[PDB]
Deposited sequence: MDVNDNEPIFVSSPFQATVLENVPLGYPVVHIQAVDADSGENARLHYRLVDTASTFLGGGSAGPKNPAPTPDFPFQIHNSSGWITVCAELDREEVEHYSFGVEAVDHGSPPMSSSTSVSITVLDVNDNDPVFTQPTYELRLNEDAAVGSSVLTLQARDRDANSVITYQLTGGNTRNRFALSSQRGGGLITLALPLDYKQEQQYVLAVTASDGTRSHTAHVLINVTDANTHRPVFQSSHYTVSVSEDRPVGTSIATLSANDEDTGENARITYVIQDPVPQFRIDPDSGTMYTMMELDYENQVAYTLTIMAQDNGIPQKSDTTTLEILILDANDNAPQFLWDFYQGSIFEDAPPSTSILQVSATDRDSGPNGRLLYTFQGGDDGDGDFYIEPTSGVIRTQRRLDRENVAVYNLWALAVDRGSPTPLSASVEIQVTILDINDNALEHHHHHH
């Protein structure tokens, strides 16, 4: 006579299991006590449905042990809710049912995964230090995985910085860019859960910017030019150098205060004369000159050029009087002055400095001489009106001009006065 319903040992059943356990792992012993003996007391166990995408457990129909019969995965199903039923082999058979809960415990069996498969961007070379470059996010399907981000290769000259945070991993500019040193970076970034990792690559191209001004070779050029030089003489080649690239570094030269006498070639920075120059009119010119790059926006420098005109022997001496006349008594001793000639020369230096001489002239067959620097004409000999009563002397003023010296001549008449 079958008088007792099978009673379970725990009120409902509950168990946890690492997602790791092998096929065969004993999860829970379901136990029931029938209060009879014989077959009135003999129990069979069965799992009942009370939807999960898998059901990786089974119960042994006599022992009551639930074992894993397919590999578990917490990232597929954390929690399984189902039932178990115990039944006696009684001719009127009795049974009871309870619930079973199995919670699956997390193991670190997933790598962190970047949210983008690929990372690419373009930075302007003048991007500010501190500015944001990129935020990278990875995710880990494990519940118990904290993600730390780290810059782990290709940070050349330590240009970039990476703050690791809750959301993800922020890249900033730590130190200034320079197109002349690096056009490109390939930053490795690794996402780690503390044991597993993945490494993303960030391709960064740098666009040259106009971060430099031309710098002239000098802030004050001085060059010299003979007043001789024809129209179209090159007199100097100014240059500025710009550390940028392309148009940002290509120089246009510009006279800021133009004069008719000079022009510049804007591409080559060469200065040419545009007119005849005259030392006797202006000895010096000063120009202010710009070098502008061709960047957007444009930058520029400034220098002064001082142009010194060099004097040329382009002026001939000129006597103050076109004719001189003087007298002396016949009985006068040697070294008696008759008179002093003078000349001027509009040139300076040796070009303007004067020698008075009878050479190329006439000194009355040696009867007179002239002092080279003073121009004073003197008797050299005793005189005789029997012989010469009236000399027609010819004096020369010669400059000391190098390339070829210039001169002028003047007539001096010398009357020899009688003795009563």
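Enquirer: Given the full deposited sequence, which segments carry no C-alpha coordinates?
Expert: Missing CA coords at 1-2, 53-68, 439-449.
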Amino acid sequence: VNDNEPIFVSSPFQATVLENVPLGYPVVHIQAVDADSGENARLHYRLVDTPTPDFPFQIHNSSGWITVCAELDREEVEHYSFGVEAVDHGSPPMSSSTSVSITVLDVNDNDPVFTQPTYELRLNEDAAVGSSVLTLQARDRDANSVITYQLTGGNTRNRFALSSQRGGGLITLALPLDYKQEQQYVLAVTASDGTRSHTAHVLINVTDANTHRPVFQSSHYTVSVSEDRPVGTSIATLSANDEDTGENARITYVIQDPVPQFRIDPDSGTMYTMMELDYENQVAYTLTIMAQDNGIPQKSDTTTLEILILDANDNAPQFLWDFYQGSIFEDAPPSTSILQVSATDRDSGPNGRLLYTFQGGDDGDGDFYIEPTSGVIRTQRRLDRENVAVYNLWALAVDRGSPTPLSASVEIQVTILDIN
From here on, numbers count along this sequence of modelled residues.
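Enquirer: Check the entry's C-alpha temperature factors for 253-261 and 223-231, then say which stretch has the higher mean.
Expert: Between 223-231 and 253-261, it is 223-231 that shows the higher mean C-alpha B-factor.
Enquirer: So 330-338 or 108-116, which one's hotter by mean CA B-factor in the entry?
Expert: Per the PDB entry, the higher value belongs to 330-338.
Enquirer: Going by the entry, which of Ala70, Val48, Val27, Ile59 has the most elevated CA B factor?
Expert: Spelled out: the listed residue with the top C-alpha B-factor is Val48.
Enquirer: Going by the entry, which of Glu243, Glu306, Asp88, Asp178 has the most elevated CA B factor?
Expert: Most elevated C-alpha B-factor of the set, per the entry: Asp88.
Enquirer: If you rank the chain by CA B-factor, which third does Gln14 end up in: lowest, middle or highest?
Expert: Ranked within chain, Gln14 CA B lands in the highest tercile.
Enquirer: With respect to C-alpha B-factor, does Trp321 fall in the lowest, middle or highest third of the chain as deposited?
Expert: According to the entry, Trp321 has a C-alpha B-factor in the chain's highest third.
Enquirer: Is the Cα B-factor recorded for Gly269 in the lowest, middle or highest third of its chain?
Expert: For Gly269, the deposited C-alpha B-factor lands in the lowest third.
Enquirer: Considering only modelled residues of the same chain, in which third does the CA B-factor of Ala408 rank: lowest, middle or highest?
Expert: Middle third - that is where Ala408 ends up once the chain's C-alpha B-factors are sorted.
Enquirer: What third of the chain does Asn144 rank in for C-alpha temperature factor, lowest, middle or highest?
Expert: Its C-alpha B-factor belongs to the highest third of this chain's values.
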